[PDB]
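Next up: a single chain in structure tokens, the form solved without the named molecule.
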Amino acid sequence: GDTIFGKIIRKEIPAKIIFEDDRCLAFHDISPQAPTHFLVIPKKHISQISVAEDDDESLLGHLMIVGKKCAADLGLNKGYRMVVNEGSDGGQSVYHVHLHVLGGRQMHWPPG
């Protein structure tokens, strides 16, 4: 059940990597919807947040902490929006869990 995000983690295709550790990867979105638009993904293949396990909690929190640290480092001092999409109604484009982080512009309401 491989995805393009699997290929990015395995370094088989190019991505502009912002941050990496032993358990996650942050990289700029190829189809950016704001001046800054990046993704934070687990290296573990969790297909969708709906199937995340209880013992994934820390890992999921880690994505958010890394995301907020990356945002600060990228100069997003007026704020930002974090997004996780699930399933068809959520508009989940890739069946590998991913945290979007968008900023550098006013984000509007509703959030889609």
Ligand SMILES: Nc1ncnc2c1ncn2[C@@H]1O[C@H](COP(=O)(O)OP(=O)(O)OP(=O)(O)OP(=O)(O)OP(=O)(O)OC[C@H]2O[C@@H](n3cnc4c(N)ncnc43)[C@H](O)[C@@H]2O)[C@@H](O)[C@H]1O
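So that there is no doubt, residue numbering starts at 1 and follows the sequence shown.
- According to the PDB record, 45-53 carries the higher mean C-alpha B-factor of the two stretches 23-31 and 45-53.
- Higher mean CA B-factor, judged across 65-73 and 35-43 from the recorded values: 65-73.
- You'll see in the entry that, of 13, 102, 99, 94, the Cα B factor peaks at 13.
- For residue 111, the recorded CA B-factor ranks within the lowest third of the chain. Only modelled residues enter the ranking.
If you look for the form deposited with the named molecule bound, you will not find it shown, but the lines that follow are about it.
- Three or more atoms of the named molecule, overlaid from where it sits in the deposited bound form, fall within 2.4 angstroms of backbone or C-beta atoms of the displayed form, which makes the pocket blocked.
- With a 4.5 Å cutoff on heavy atoms, residue 29 counts as touching the named molecule in the deposited bound form.
- The closest non-hydrogen atom of residue 45 lies beyond 4.5 Å of the named molecule in the deposited bound form.
- In the deposited bound form, the named molecule lies farther than 4.5 Å from every heavy atom of residue 63.
- Within 4.5 Å of any heavy atom of the named molecule in the deposited bound form lies no heavy atom of residue 71.
- Highlighted residues 8, 91 and 94: every one comes within 4.5 Å of the named molecule in the deposited bound form, counting any heavy atom.
- Along 34-64, residues 37, 39 each place a heavy atom within 4.5 Å of the named molecule in the deposited bound form.
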